[PDB]
Amino acid sequence: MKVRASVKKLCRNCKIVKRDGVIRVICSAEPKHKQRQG
Amino acid sequence: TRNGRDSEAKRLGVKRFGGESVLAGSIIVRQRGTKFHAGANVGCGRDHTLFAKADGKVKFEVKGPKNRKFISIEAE
Amino acid sequence: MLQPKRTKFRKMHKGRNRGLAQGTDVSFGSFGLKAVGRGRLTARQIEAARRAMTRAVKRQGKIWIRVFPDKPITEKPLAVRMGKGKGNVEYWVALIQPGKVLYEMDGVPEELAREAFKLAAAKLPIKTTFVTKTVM
Amino acid sequence: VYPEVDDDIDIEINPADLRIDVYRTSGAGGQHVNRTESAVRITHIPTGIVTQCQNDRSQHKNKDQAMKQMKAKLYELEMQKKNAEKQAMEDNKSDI
Amino acid sequence: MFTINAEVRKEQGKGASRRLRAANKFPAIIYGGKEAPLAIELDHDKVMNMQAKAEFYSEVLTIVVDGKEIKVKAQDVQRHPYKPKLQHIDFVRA
RNA sequence: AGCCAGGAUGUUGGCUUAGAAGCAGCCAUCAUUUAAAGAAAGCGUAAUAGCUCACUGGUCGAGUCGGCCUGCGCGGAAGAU
RNA sequence: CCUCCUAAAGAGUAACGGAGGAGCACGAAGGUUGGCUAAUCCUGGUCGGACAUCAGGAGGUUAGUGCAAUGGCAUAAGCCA
RNA sequence: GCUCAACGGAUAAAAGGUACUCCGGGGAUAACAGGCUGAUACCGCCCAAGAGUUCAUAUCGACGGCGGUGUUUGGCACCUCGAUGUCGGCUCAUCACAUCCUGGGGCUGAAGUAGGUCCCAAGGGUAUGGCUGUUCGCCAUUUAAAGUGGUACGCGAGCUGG
Ligand SMILES: [Mg+2]
Ligand SMILES: [Mg+2]
Ligand SMILES: [Mg+2]
Ligand SMILES: [Mg+2]
Ligand SMILES: [Mg+2]
Ligand SMILES: [Mg+2]
Ligand SMILES: [Mg+2]
Ligand SMILES: [Mg+2]
Ligand SMILES: [Mg+2]
Ligand SMILES: [Mg+2]
Ligand SMILES: [Mg+2]
Ligand SMILES: [Mg+2]
Ligand SMILES: [Mg+2]
Ligand SMILES: [Mg+2]
Ligand SMILES: [Mg+2]
Ligand SMILES: [Mg+2]
Ligand SMILES: [Mg+2]
Ligand SMILES: [Mg+2]
Ligand SMILES: [Mg+2]
Ligand SMILES: [Mg+2]
Ligand SMILES: [Mg+2]
Ligand SMILES: [Mg+2]
Ligand SMILES: [Mg+2]
Ligand SMILES: [Mg+2]
Ligand SMILES: [Mg+2]
Ligand SMILES: [Mg+2]
Ligand SMILES: [Mg+2]
Ligand SMILES: [Mg+2]
Ligand SMILES: [Zn+2]
């Protein structure tokens, strides 16, 4: 979990989703890629 | 610092403006160069101070090939 | 790091930075990075931006730096009281008004140029925008 | 016969490799001195060298001086290491 | 080729111009030949799209104002400093 | 947008490298069988192999894509009785 | 004490604000009459060369002002008699 | 006839020390603490050149950019000069969380053990000595850990006075 101010799609498999009013990158392929805005 | 100095202000500039009726001898312009040139009935001082040589109204004008400001006095 | 070779005067008044810019259009290049924001780019900042963009463009196509840091900014040394003359010149700025084309670029594809400009932009303090060559 | 080696530039140490401590002075002497933390201890994290400075009233000035001292020490260390290696080499040469 | 619709400007000046700009219109002028200058307003959005094309500046345009087809060429365009916008256009009767 | 299929040939392009076979780079970036297939976008390998992708064929049967302009919001946002 | 800027287009206007000068000189460097027009560059020319002195052109005051800076100055306030 | 140049020129004619001091005043004006501020400091974040065999973003992150805190060095001189006692130690603490331990979790360049890093978490806990007036620090030996800060750099009408 990379908590950042800027969250970005790092690959094709990265998807940006909003969960309970928090922007999140979740990725099916790469576990490293998953992010959270904080 | 090497900077704190400046000279006393010399209170120059146009003293009597266009249309202003003056007595003879009245200073019209205090100036450094001949920023204004002495026209009709205006004398130029030693420090280029323009003064009326006759009673009447100040008349600024642009005259001549060099397009210079001439101050004349027109009699009333 | 850009700086005037010679100067008429070693220090300078603060001044104000109000108004719109004059170098508004893409003149030389094909694409430009136009400043949207008001502020002041230091020499350092400008250089950084240039470095960012050149690398991005991989030494292919020309870059112009339309801005120049011609204004010296003084800083008083630390732990020094408020009197005793003006501080020493530390760095040089270009004062930036909205509308300022900061950088210009040609000999590049458009997308790549855009990318380069974006890269540059993060180095600069002001909010900026990509612009293009306009006929008239 | 020895080759003309390129004289490498003495590299600037990073603030990441450095610990900067600030603290009160010894003996001091006054009210403002008891409060103020002017003294500077710079420490190199990879090597373990320390430089102290408390000559100046200004903390910044002290730090600058301390920084310089640290740099000098680093240079000296580099020189020493160079010398040691050199010494090994000749010792080996002497062996012949 | 390009047919633009215009209205004759009632009020001229700075404030008026600003108001026009606010209301998604923009001031323009037709001038040239023996005929007097004609100040017009133009709907901004429509004109911006037209001006995106390079053919806009090259070709003869037709400005229709008060049911009168005036054949013109774009002479100079003022743009907003930092926005994709038009402050003003000068037109020359061709 | 899913889904099913192909996703080749000269060829592993040479070089320089310990090896380099789309993927260490350096460089050229062609043509072929053509429905389409980059001297290759990512994963992968000692390197090959292998796994994806681009583009394309089939199914399916109505809107869809991503820029611009602006209005209002979200995160960015930690302190001591 | 003088000049400029700060100084907000009359005057004036502060700071341990930013820049520079003066504590004189000259019996001509003053008065007047008469006359004259600069810097720099190119080309040619004994010694003579980037640079003396002589021509001619371009040039147009970029020069000059007994000295700081500013304002002036061909009607020259500049240069000769 | 005056570098009366401290140039409206106090005399013709004049350096200093005072911690042995004294009086009159001033928070008009300094040292402490408070306040405003935040350059500096500390703590974040944005961009990503690169390092990381390969691979920017496991972990680092250059050139630059944007913040927060009030937290160091400062700036200011608003509070106090008809007194607001100063570092440290002791005795008592109390709050913050930017968490040192213990608890929960993500990613890992996470096999395991042990780590690294980030998120959540302030319930409780969080060393004895040697040296130095010390804070700090270095060292010795522990410890699950020996947190970082605020509190007039907490606390002298509670002690000490190095
Ligand atoms: Mg301007
Ligand atoms: Mg108005
Ligand atoms: Mg917000
Ligand atoms: Mg004035
Ligand atoms: Mg005024
Ligand atoms: Mg004469
Ligand atoms: Mg004369
Ligand atoms: Mg006096
Ligand atoms: Mg006096
Ligand atoms: Mg004493
Ligand atoms: Mg007393
Ligand atoms: Mg204080
Ligand atoms: Mg108080
Ligand atoms: Mg604040
Ligand atoms: Mg950095
Ligand atoms: Mg006060
Ligand atoms: Mg005051
Ligand atoms: Mg007091
Ligand atoms: Mg009292
Ligand atoms: Mg927390
Ligand atoms: Mg963990
Ligand atoms: Mg409970
Ligand atoms: Mg003992
Ligand atoms: Mg205390
Ligand atoms: Mg005490
Ligand atoms: Mg007592
Ligand atoms: Mg009390
Ligand atoms: Mg004692
Ligand atoms: Zn991903």
# chains A, B, ... in the order shown; residues from 1 in each chain; ligands from 1
>>> residues_around(residues="residue 45 (chain G)", least_positions_apart="2", cutoff="12 Å", atoms="only C-alpha atoms (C1' of nucleotides)", output="PyMOL selection string")
chain G and resi 43+48+53-56
>>> residues_near_ligand(ligand="ligand 24", cutoff="12 Å", atoms="only C-alpha atoms (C1' of nucleotides) and all ligand atoms", output="JSON, numbers by chain")
{"D": [34, 35], "H": [32, 33, 85, 86, 87, 88, 135, 151, 152, 153, 154, 155, 156]}
>>> atom_distance(atom1="CA of residue 93 (chain C)", atom2="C1' of residue 73 (chain H)")
27.5 Å
>>> residues_near_ligand(ligand="ligand 5", cutoff="8 Å", atoms="only C-alpha atoms (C1' of nucleotides) and all ligand atoms", output="MDAnalysis selection string")
chainID G and resid 7:10
>>> residues_around(residues="residue 54 (chain F)", least_positions_apart="4", cutoff="10 Å", atoms="only C-alpha atoms (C1' of nucleotides)", output="list in words")
residues 7, 37, 38, 40 and 41 of chain F
>>> select_by_dssp(residues="chain C", states="strand (DSSP E)", output="ChimeraX atom specification")
/C:31-35,39-42,62-65,71-75,88-96,101-106,128-132
>>> write_last_selection(atoms="C-alpha atoms", output="PDB file, in the first residue's frame")
ATOM      1  CA  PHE C  31       4.541  24.206 -29.367  1.00  0.00           C
ATOM      2  CA  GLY C  32       4.856  26.210 -26.205  1.00  0.00           C
ATOM      3  CA  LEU C  33       4.444  26.127 -22.481  1.00  0.00           C
ATOM      4  CA  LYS C  34       2.361  29.184 -21.594  1.00  0.00           C
ATOM      5  CA  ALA C  35       2.236  30.377 -17.995  1.00  0.00           C
ATOM      6  CA  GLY C  39       4.787  34.408 -10.080  1.00  0.00           C
ATOM      7  CA  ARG C  40       8.560  34.514 -10.533  1.00  0.00           C
ATOM      8  CA  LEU C  41      10.786  31.838 -12.034  1.00  0.00           C
ATOM      9  CA  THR C  42      14.309  31.706 -10.630  1.00  0.00           C
ATOM     10  CA  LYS C  62      14.985  22.434 -30.858  1.00  0.00           C
ATOM     11  CA  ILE C  63      14.089  24.136 -27.561  1.00  0.00           C
ATOM     12  CA  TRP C  64      13.774  27.874 -26.907  1.00  0.00           C
ATOM     13  CA  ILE C  65      13.699  29.472 -23.481  1.00  0.00           C
ATOM     14  CA  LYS C  71      16.063  40.634 -12.076  1.00  0.00           C
ATOM     15  CA  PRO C  72      18.376  40.145  -9.097  1.00  0.00           C
ATOM     16  CA  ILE C  73      16.874  39.142  -5.772  1.00  0.00           C
ATOM     17  CA  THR C  74      18.596  40.049  -2.578  1.00  0.00           C
ATOM     18  CA  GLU C  75      18.585  38.042   0.623  1.00  0.00           C
ATOM     19  CA  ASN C  88      23.294  40.784  -1.143  1.00  0.00           C
ATOM     20  CA  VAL C  89      22.159  39.388  -4.493  1.00  0.00           C
ATOM     21  CA  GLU C  90      21.575  35.672  -4.088  1.00  0.00           C
ATOM     22  CA  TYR C  91      19.570  34.567  -7.094  1.00  0.00           C
ATOM     23  CA  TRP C  92      18.065  35.856 -10.302  1.00  0.00           C
ATOM     24  CA  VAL C  93      14.427  35.756 -11.336  1.00  0.00           C
ATOM     25  CA  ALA C  94      12.272  36.323 -14.348  1.00  0.00           C
ATOM     26  CA  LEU C  95       9.018  37.912 -13.194  1.00  0.00           C
ATOM     27  CA  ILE C  96       6.194  35.988 -14.785  1.00  0.00           C
ATOM     28  CA  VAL C 101       5.219  31.646 -23.191  1.00  0.00           C
ATOM     29  CA  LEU C 102       8.027  30.234 -21.060  1.00  0.00           C
ATOM     30  CA  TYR C 103       9.359  27.543 -23.369  1.00  0.00           C
ATOM     31  CA  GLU C 104       9.045  26.734 -27.021  1.00  0.00           C
ATOM     32  CA  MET C 105       9.692  23.581 -28.972  1.00  0.00           C
ATOM     33  CA  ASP C 106       9.763  22.238 -32.506  1.00  0.00           C
ATOM     34  CA  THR C 128       1.150  26.417 -16.761  1.00  0.00           C
ATOM     35  CA  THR C 129      -0.449  25.151 -19.981  1.00  0.00           C
ATOM     36  CA  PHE C 130       0.426  23.577 -23.321  1.00  0.00           C
ATOM     37  CA  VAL C 131      -0.117  25.845 -26.365  1.00  0.00           C
ATOM     38  CA  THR C 132       0.328  25.552 -30.144  1.00  0.00           C
TER      39      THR C 132
END
>>> interface_residues(of="chain F", to="chain A", cutoff="8 Å", atoms="only C-alpha atoms (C1' of nucleotides)", output="PyMOL selection string")
chain F and resi 74-76
>>> residues_near_ligand(ligand="ligand 10", cutoff="12 Å", atoms="only C-alpha atoms (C1' of nucleotides) and all ligand atoms", output="list in words")
residues 17, 18, 19, 20 and 21 of chain H
>>> atom_distance(atom1="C1' of residue 99 (chain H)", atom2="CA of residue 15 (chain D)")
24.8 Å
>>> decode(residues="region 9-32 of chain A", atoms="N, CA and C atoms", output="mmCIF file, in the first residue's frame")
data_model
loop_
_atom_site.group_PDB
_atom_site.id
_atom_site.type_symbol
_atom_site.label_atom_id
_atom_site.label_comp_id
_atom_site.auth_asym_id
_atom_site.auth_seq_id
_atom_site.Cartn_x
_atom_site.Cartn_y
_atom_site.Cartn_z
ATOM 1 N N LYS A 9 -2.674 5.355 -12.254
ATOM 2 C CA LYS A 9 -2.606 4.060 -12.917
ATOM 3 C C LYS A 9 -1.161 3.807 -13.351
ATOM 4 N N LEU A 10 -0.515 2.824 -12.730
ATOM 5 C CA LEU A 10 0.885 2.522 -13.039
ATOM 6 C C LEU A 10 1.046 1.537 -14.194
ATOM 7 N N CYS A 11 -0.016 0.787 -14.482
ATOM 8 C CA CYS A 11 -0.067 -0.116 -15.634
ATOM 9 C C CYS A 11 -1.490 -0.204 -16.194
ATOM 10 N N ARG A 12 -1.692 -1.077 -17.184
ATOM 11 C CA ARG A 12 -3.009 -1.306 -17.789
ATOM 12 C C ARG A 12 -3.970 -1.951 -16.799
ATOM 13 N N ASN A 13 -3.428 -2.821 -15.950
ATOM 14 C CA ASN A 13 -4.217 -3.610 -15.009
ATOM 15 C C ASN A 13 -4.642 -2.829 -13.764
ATOM 16 N N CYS A 14 -3.991 -1.686 -13.533
ATOM 17 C CA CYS A 14 -4.386 -0.745 -12.487
ATOM 18 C C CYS A 14 -5.735 -0.108 -12.806
ATOM 19 N N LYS A 15 -6.611 -0.096 -11.808
ATOM 20 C CA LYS A 15 -7.911 0.558 -11.910
ATOM 21 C C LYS A 15 -8.082 1.509 -10.749
ATOM 22 N N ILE A 16 -8.599 2.695 -11.036
ATOM 23 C CA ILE A 16 -8.868 3.666 -9.989
ATOM 24 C C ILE A 16 -10.314 3.495 -9.547
ATOM 25 N N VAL A 17 -10.483 3.278 -8.250
ATOM 26 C CA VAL A 17 -11.789 3.139 -7.639
ATOM 27 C C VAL A 17 -11.852 4.028 -6.394
ATOM 28 N N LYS A 18 -13.049 4.510 -6.073
ATOM 29 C CA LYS A 18 -13.261 5.339 -4.892
ATOM 30 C C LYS A 18 -14.012 4.517 -3.854
ATOM 31 N N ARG A 19 -13.403 4.354 -2.684
ATOM 32 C CA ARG A 19 -14.010 3.586 -1.607
ATOM 33 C C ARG A 19 -14.180 4.415 -0.358
ATOM 34 N N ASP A 20 -15.448 4.572 0.021
ATOM 35 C CA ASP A 20 -15.902 5.409 1.133
ATOM 36 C C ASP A 20 -15.257 6.806 1.142
ATOM 37 N N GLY A 21 -15.275 7.441 -0.029
ATOM 38 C CA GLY A 21 -14.714 8.775 -0.219
ATOM 39 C C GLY A 21 -13.199 8.852 -0.138
ATOM 40 N N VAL A 22 -12.524 7.790 -0.579
ATOM 41 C CA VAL A 22 -11.058 7.762 -0.682
ATOM 42 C C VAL A 22 -10.674 7.157 -2.029
ATOM 43 N N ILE A 23 -9.875 7.891 -2.803
ATOM 44 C CA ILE A 23 -9.393 7.426 -4.107
ATOM 45 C C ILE A 23 -8.374 6.313 -3.896
ATOM 46 N N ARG A 24 -8.517 5.234 -4.660
ATOM 47 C CA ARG A 24 -7.655 4.061 -4.530
ATOM 48 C C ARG A 24 -7.316 3.481 -5.877
ATOM 49 N N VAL A 25 -6.044 3.174 -6.072
ATOM 50 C CA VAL A 25 -5.630 2.368 -7.205
ATOM 51 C C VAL A 25 -5.596 0.939 -6.702
ATOM 52 N N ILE A 26 -6.381 0.073 -7.325
ATOM 53 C CA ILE A 26 -6.241 -1.360 -7.098
ATOM 54 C C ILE A 26 -5.783 -2.027 -8.394
ATOM 55 N N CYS A 27 -4.957 -3.058 -8.264
ATOM 56 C CA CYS A 27 -4.422 -3.747 -9.428
ATOM 57 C C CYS A 27 -4.573 -5.251 -9.301
ATOM 58 N N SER A 28 -5.090 -5.862 -10.363
ATOM 59 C CA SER A 28 -5.238 -7.310 -10.436
ATOM 60 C C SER A 28 -3.888 -8.009 -10.599
ATOM 61 N N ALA A 29 -3.000 -7.399 -11.383
ATOM 62 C CA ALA A 29 -1.720 -8.009 -11.732
ATOM 63 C C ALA A 29 -0.651 -7.820 -10.656
ATOM 64 N N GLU A 30 -0.335 -6.562 -10.351
ATOM 65 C CA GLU A 30 0.786 -6.230 -9.479
ATOM 66 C C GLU A 30 0.332 -5.722 -8.109
ATOM 67 N N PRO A 31 0.679 -6.460 -7.033
ATOM 68 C CA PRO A 31 0.334 -6.061 -5.662
ATOM 69 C C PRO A 31 1.068 -4.811 -5.209
ATOM 70 N N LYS A 32 2.247 -4.577 -5.781
ATOM 71 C CA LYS A 32 3.043 -3.381 -5.518
ATOM 72 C C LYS A 32 2.298 -2.108 -5.889
#
